[PDB]
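The structure appears right after this line, and notes come after that.
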Amino acid sequence: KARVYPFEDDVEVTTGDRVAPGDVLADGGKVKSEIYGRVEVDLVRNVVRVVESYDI
Amino acid sequence: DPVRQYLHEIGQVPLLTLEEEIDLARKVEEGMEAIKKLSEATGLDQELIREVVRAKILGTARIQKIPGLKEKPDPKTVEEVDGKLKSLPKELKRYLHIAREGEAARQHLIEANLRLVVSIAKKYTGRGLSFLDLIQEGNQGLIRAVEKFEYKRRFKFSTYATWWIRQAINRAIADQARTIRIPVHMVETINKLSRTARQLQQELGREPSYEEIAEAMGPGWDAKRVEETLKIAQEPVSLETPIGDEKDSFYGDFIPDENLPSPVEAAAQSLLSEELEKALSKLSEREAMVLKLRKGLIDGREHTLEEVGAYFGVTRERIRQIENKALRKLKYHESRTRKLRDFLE
DNA sequence: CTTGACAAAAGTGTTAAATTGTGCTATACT
């Protein structure tokens, strides 16, 4: 359960950060995430994909 | 329940076949070399940023917050390393994730082989550790065999791990079991000897002797070297061990206290401390106050002849004769009063 | 109450022998 967010220029988060709807993911401000959850940043698939989650 | 606990915790996570295994090891080594790669980025040691990965991985605030009152705090010696390499181009910022995923994969492969480590410590029981202990230290041996493993050699990690688990366990034995600290080699030789004994017992159809058992041990092995260390080997004895056959008696309650002087000694000693004071007053103001300085009676520390002669203005010779004569001159009073003639032990 | 002389006991220092603490072992072995 997650949503994919492809990128082009690097990323602003590591693997496991806590995001929120409307936060800056990668691409220096282009691609933003609309949902909560830890962000699992992948290199090969070039995706900042965020899994629905709540840091509890 | 702690017993079932770990078993049901590791039984939750599955094992790893060749695919996952080889992959995981490759991930780990890639993260390692990625660290070495970034070790030249800002000039930080390969071990430094390595643990800096832990700060956001296997706990946020819990890894460096309490390794004692002092360690490498999050704000001070950590944060300036977390937000330092944080601004570097692609060709650098990628190795960050390589290290993230490598570092995670490490722990992963460990968890995968945990279902082995436990099944390993199963043979090593009886060491003064009921399972869970043995398993814990074994897990440490796994952690070792992990960072030292090489997938490239096409070896099954189950082989490499075992040799290290058996190590971290057989090591933990000597550093735990005997209440009295017994150094590694000591226990090593112990097991060697006891092995020979427990072996030739059935061979000869009876127990050996310090001469014949040490004989098959090697050079310099006499009755002594075996019987001597045999004592050392023996652990202490629980003071709760019941004495006799009746349920009352305790072991510890059967031990005296000679640590503190008995009342009879309080008076025995306080008596001499006085009786020697009254039988002393028959000495000249010199040969008395000086006769105390040589016995450590004055300042409690003994004052050698050299210093005494400096205190009275006399010479290293005069005080010498002073003591002699002053002393026997008291011997006359003793042999005539019989007041102190006791205390001859 | 004393001076020089001087054995024995005691001291300062380096080295040898002994003791002690660690790291590894790869067929595979869950």
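By order of appearance in the structure tokens: chains A, B, ..., then residues from 1 within every chain, and ligands from 1 in the order shown.
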Residue list for chain B near chain C as a ChimeraX atom specification, 10 Å, only C-alpha atoms (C1' of nucleotides): /B:14-16,112-120,149-150,153-164,167,183-186,314-319,321-322
Keeping N, CA and C atoms, export the residues of the selection given above as a CSV table (one decimal), in the first residue's frame.
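Writing the result to selection_33.csv gives the following:
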chain,number,residue,atom,x,y,z
B,14,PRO,N,11.0,-15.4,8.2
B,14,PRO,CA,11.5,-16.6,7.5
B,14,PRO,C,13.0,-16.7,7.4
B,15,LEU,N,13.5,-17.7,6.6
B,15,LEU,CA,14.9,-17.9,6.3
B,15,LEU,C,15.2,-17.3,5.0
B,16,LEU,N,16.4,-17.6,4.5
B,16,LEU,CA,16.8,-17.1,3.2
B,16,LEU,C,17.5,-18.2,2.3
B,112,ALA,N,17.8,-13.3,9.5
B,112,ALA,CA,17.5,-14.5,8.7
B,112,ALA,C,18.2,-15.7,9.3
B,113,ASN,N,19.5,-15.5,9.7
B,113,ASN,CA,20.3,-16.6,10.2
B,113,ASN,C,20.1,-16.8,11.7
B,114,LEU,N,19.3,-16.0,12.4
B,114,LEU,CA,19.1,-16.1,13.8
B,114,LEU,C,18.5,-17.5,14.2
B,115,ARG,N,17.6,-18.0,13.3
B,115,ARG,CA,16.9,-19.2,13.4
B,115,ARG,C,17.9,-20.4,13.4
B,116,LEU,N,19.1,-20.0,13.1
B,116,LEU,CA,20.2,-21.0,13.1
B,116,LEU,C,21.0,-20.8,14.4
B,117,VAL,N,21.4,-19.6,14.6
B,117,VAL,CA,22.2,-19.3,15.9
B,117,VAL,C,21.5,-19.9,17.1
B,118,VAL,N,20.2,-19.8,17.2
B,118,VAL,CA,19.6,-20.4,18.4
B,118,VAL,C,19.7,-22.0,18.3
B,119,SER,N,19.5,-22.5,17.2
B,119,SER,CA,19.6,-24.0,17.0
B,119,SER,C,21.1,-24.4,17.1
B,120,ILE,N,22.0,-23.5,17.2
B,120,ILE,CA,23.4,-23.7,17.4
B,120,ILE,C,23.7,-23.9,18.9
B,149,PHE,N,32.1,-12.0,6.5
B,149,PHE,CA,31.7,-12.9,5.4
B,149,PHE,C,32.0,-12.3,4.0
B,150,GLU,N,32.3,-13.2,3.1
B,150,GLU,CA,32.4,-12.9,1.7
B,150,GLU,C,31.6,-13.8,0.8
B,153,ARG,N,33.1,-15.8,-2.5
B,153,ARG,CA,33.8,-17.1,-2.3
B,153,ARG,C,32.8,-18.2,-2.6
B,154,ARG,N,31.6,-17.9,-2.9
B,154,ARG,CA,30.6,-18.9,-3.2
B,154,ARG,C,30.4,-19.9,-2.0
B,155,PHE,N,30.5,-19.4,-0.8
B,155,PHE,CA,30.3,-20.2,0.4
B,155,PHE,C,29.0,-19.9,1.0
B,156,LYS,N,28.3,-21.0,1.5
B,156,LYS,CA,27.0,-20.8,2.2
B,156,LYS,C,27.3,-20.2,3.6
B,157,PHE,N,26.7,-19.0,3.8
B,157,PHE,CA,26.9,-18.3,5.1
B,157,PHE,C,26.6,-19.1,6.3
B,158,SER,N,25.8,-20.2,6.1
B,158,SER,CA,25.5,-21.1,7.2
B,158,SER,C,26.8,-21.8,7.7
B,159,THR,N,27.8,-21.9,6.9
B,159,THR,CA,29.0,-22.5,7.2
B,159,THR,C,29.9,-21.6,8.0
B,160,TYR,N,30.0,-20.3,7.5
B,160,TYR,CA,30.9,-19.3,8.0
B,160,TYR,C,30.4,-18.8,9.3
B,161,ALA,N,29.1,-18.8,9.5
B,161,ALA,CA,28.4,-18.3,10.7
B,161,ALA,C,28.7,-19.2,11.9
B,162,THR,N,28.5,-20.5,11.7
B,162,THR,CA,28.6,-21.6,12.7
B,162,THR,C,30.0,-21.5,13.4
B,163,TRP,N,31.0,-21.4,12.6
B,163,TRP,CA,32.4,-21.4,13.1
B,163,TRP,C,32.6,-20.2,14.0
B,164,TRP,N,31.9,-19.1,13.8
B,164,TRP,CA,32.0,-17.9,14.6
B,164,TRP,C,31.1,-18.0,15.8
B,167,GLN,N,32.5,-20.0,18.4
B,167,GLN,CA,33.5,-19.2,19.0
B,167,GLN,C,33.0,-18.3,20.1
B,183,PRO,N,40.9,-17.1,33.4
B,183,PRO,CA,41.3,-16.8,32.1
B,183,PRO,C,41.2,-17.9,31.1
B,184,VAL,N,41.0,-17.5,29.8
B,184,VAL,CA,40.7,-18.4,28.7
B,184,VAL,C,41.5,-19.7,28.7
B,185,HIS,N,42.8,-19.5,28.4
B,185,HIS,CA,43.8,-20.6,28.3
B,185,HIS,C,43.7,-21.6,29.5
B,186,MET,N,43.5,-21.0,30.7
B,186,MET,CA,43.3,-21.8,31.9
B,186,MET,C,42.2,-22.9,31.6
B,314,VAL,N,71.2,14.1,68.7
B,314,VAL,CA,72.3,13.2,68.9
B,314,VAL,C,72.7,12.5,67.6
B,315,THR,N,73.3,11.4,67.6
B,315,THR,CA,73.9,10.8,66.4
B,315,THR,C,73.3,9.4,66.2
B,316,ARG,N,73.5,8.9,64.9
B,316,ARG,CA,72.9,7.6,64.5
B,316,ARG,C,73.5,6.5,65.3
B,317,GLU,N,74.4,6.8,66.2
B,317,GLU,CA,75.0,5.8,67.1
B,317,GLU,C,74.4,5.8,68.5
B,318,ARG,N,74.3,7.0,69.0
B,318,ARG,CA,73.8,7.2,70.4
B,318,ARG,C,72.4,6.7,70.6
B,319,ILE,N,71.5,7.0,69.7
B,319,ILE,CA,70.1,6.5,69.8
B,319,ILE,C,70.1,4.9,69.9
B,321,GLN,N,72.4,2.8,71.1
B,321,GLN,CA,72.7,2.3,72.4
B,321,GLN,C,71.6,2.6,73.4
B,322,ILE,N,71.0,3.8,73.2
B,322,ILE,CA,69.9,4.3,74.1
B,322,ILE,C,68.8,3.2,74.1
Residue hits in chain A, query chain B, radius 9 Å, only C-alpha atoms, as number ranges by chain: A: 9-11, 14-17, 41-43
Atom CA of residue 230 of chain B to atom CA of residue 197 of chain B, straight-line distance in Å: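 Value for the atom CA of residue 197 of chain B-atom CA of residue 230 of chain B distance: 12.2 Å.
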Nearby residues (only C-alpha atoms (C1' of nucleotides)) at most 9 Å from residue 211 of chain B, same-chain spacing under 6 positions excluded, as an NGL selection string: :B and (221-224 or 226)
Interatomic distance, atom CA of residue 270 of chain B to atom CA of residue 343 of chain B (Å, one decimal): 12.4 Å
Picked from chain A by DSSP as strand (DSSP E), as number ranges by chain: A: 2-3, 17-19, 23-26, 31-33, 37-39, 50-51
Writing out the chosen residues with C-alpha atoms as a PDB file, in the first residue's frame:
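Result went into part.pdb, see below:
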ATOM      1  CA  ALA A   2       1.713   3.149  -1.280  1.00  0.00           C
ATOM      2  CA  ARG A   3       1.887   5.777  -4.029  1.00  0.00           C
ATOM      3  CA  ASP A  17      11.900  10.005   6.641  1.00  0.00           C
ATOM      4  CA  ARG A  18       8.474  11.066   7.898  1.00  0.00           C
ATOM      5  CA  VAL A  19       6.502  13.040   5.319  1.00  0.00           C
ATOM      6  CA  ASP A  23       5.811  18.021   1.463  1.00  0.00           C
ATOM      7  CA  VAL A  24       8.865  18.398  -0.762  1.00  0.00           C
ATOM      8  CA  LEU A  25      10.135  15.012  -1.927  1.00  0.00           C
ATOM      9  CA  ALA A  26      12.727  15.347  -4.639  1.00  0.00           C
ATOM     10  CA  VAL A  31       7.529  16.323  -7.057  1.00  0.00           C
ATOM     11  CA  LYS A  32       5.637  16.538  -3.774  1.00  0.00           C
ATOM     12  CA  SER A  33       3.871  13.845  -1.732  1.00  0.00           C
ATOM     13  CA  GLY A  37       4.010   7.741   5.857  1.00  0.00           C
ATOM     14  CA  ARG A  38       7.681   6.899   5.717  1.00  0.00           C
ATOM     15  CA  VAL A  39       9.328   7.617   2.379  1.00  0.00           C
ATOM     16  CA  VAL A  50       5.719   6.920   0.016  1.00  0.00           C
ATOM     17  CA  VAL A  51       4.000   4.079   1.880  1.00  0.00           C
TER      18      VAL A  51
END
